[PDB]
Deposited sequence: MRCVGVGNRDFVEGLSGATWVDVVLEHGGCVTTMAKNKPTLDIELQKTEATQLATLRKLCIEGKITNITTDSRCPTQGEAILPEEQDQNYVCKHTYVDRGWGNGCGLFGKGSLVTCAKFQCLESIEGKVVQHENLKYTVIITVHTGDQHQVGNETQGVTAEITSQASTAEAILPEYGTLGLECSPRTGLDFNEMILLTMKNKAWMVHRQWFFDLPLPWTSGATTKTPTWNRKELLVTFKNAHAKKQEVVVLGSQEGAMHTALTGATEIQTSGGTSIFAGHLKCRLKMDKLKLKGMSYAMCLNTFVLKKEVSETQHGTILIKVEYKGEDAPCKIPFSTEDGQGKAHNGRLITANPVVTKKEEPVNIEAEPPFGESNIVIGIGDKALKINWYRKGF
């Protein structure tokens, strides 16, 4: 009863006689499966993960400038040159300035000037690549056992891992047998065309070309404590207004600009990186066995321990307490179209209440729980 309370909940019933049920799990959704003489299951796709990621390119979003140097020449003395022009850490620019007697040259004319600034990246973002061969899907299965605290509890449930290599897996359901999962991980997208952009805590999924065409300084994917940046001029600007001076300034943090650019992109939790995805599976229930089919009927009384309330999908939840000593026994259930969602409701201990999910028909109907005169009669109306 994990999906009881989830709005995006699907009910799937297997074909007549078949012991297999085909389901489509998607993020934020829950599917309830029913089969004749089989336990009612609540299956959910918990998370979709990428296990190991290789960084393709690394982009600088905030940088600073240090160790500025400059060299100037008088007219007709040739272009000025600095060794830092061949240092890949520095960004340099050549220009011409007005030179004459007033500024220390014998000749009047245009004199060469060159400025170099060492560039250091303060904050960067990464673009890691995801290949579907490394994707891991985690599925969670919860049996409708009637357990006391079962309704909407995300603590209990058996998890099973599906990978592109290990697509079929078996999940051991305690006291109910073994479930088969024959899933086919359909990519949903071409992963070469998409790149995982990670910035600080946050992460997104963006187009490869869009990431590569980001107007930011970039460096190879290989991590280095001292990296060599290209396109450093996309953050460093040289200004020479009136041929007197040349000042170099850095562009400032592009963090918020990236946030705006990432508005229309799919966002991903953390940077453990969990995707929002889907997965199609075939559930083999041949090895699944209903726990209390061989139990006898409960000969005593049931008492309502909680008000009957309606689910968003029209089903009702009944919490009953048994007052007899023959447990474990089968709960007598009959409607005076009316069916059960929970298959084979049973009492395990007298002290523990039982939760039953039922699908009453539209209109007035009488839910009879127990047998005989002392049976519980709950009148109910289902309005469409």
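What the model leaves out of the deposited chain are the segments 272-273, 339-345, 394.
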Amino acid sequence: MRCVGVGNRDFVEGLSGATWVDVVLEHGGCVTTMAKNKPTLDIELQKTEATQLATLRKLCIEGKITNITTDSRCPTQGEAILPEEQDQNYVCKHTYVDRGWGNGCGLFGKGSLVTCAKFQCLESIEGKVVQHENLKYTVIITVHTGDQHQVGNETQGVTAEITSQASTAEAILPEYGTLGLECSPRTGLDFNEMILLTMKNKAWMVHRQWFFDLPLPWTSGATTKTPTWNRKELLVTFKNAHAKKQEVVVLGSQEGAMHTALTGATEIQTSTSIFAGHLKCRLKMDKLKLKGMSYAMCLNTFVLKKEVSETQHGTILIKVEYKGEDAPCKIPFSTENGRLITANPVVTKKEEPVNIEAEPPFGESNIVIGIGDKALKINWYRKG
From here on, numbers count along this sequence of modelled residues.
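Set 234-242 against 252-260 and average the Cα temperature factors; 234-242 ends up higher. Annotation for 221-229 versus 77-85: the higher mean temperature factor (C-alpha) is found in 221-229. Within the listed group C281, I274, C298, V143, the record reports its top CA B-factor for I274.
For the set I68, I316, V347, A343, the maximum C-alpha B-factor listed in the entry falls on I68. When the modelled residues of the chain are ordered by C-alpha B-factor, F191 sits in the highest third. Ranked by Cα temperature factor within the chain, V23 sits in the lowest third according to the deposited record. Split the chain's modelled residues into thirds by C-alpha temperature factor. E123 is in the middle one. Looking at the C-alpha B-factors along this chain, the one for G109 belongs to the middle third. Ranked against the other modelled residues of its chain, the C-alpha B-factor of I61 as given in the entry falls in the middle third.
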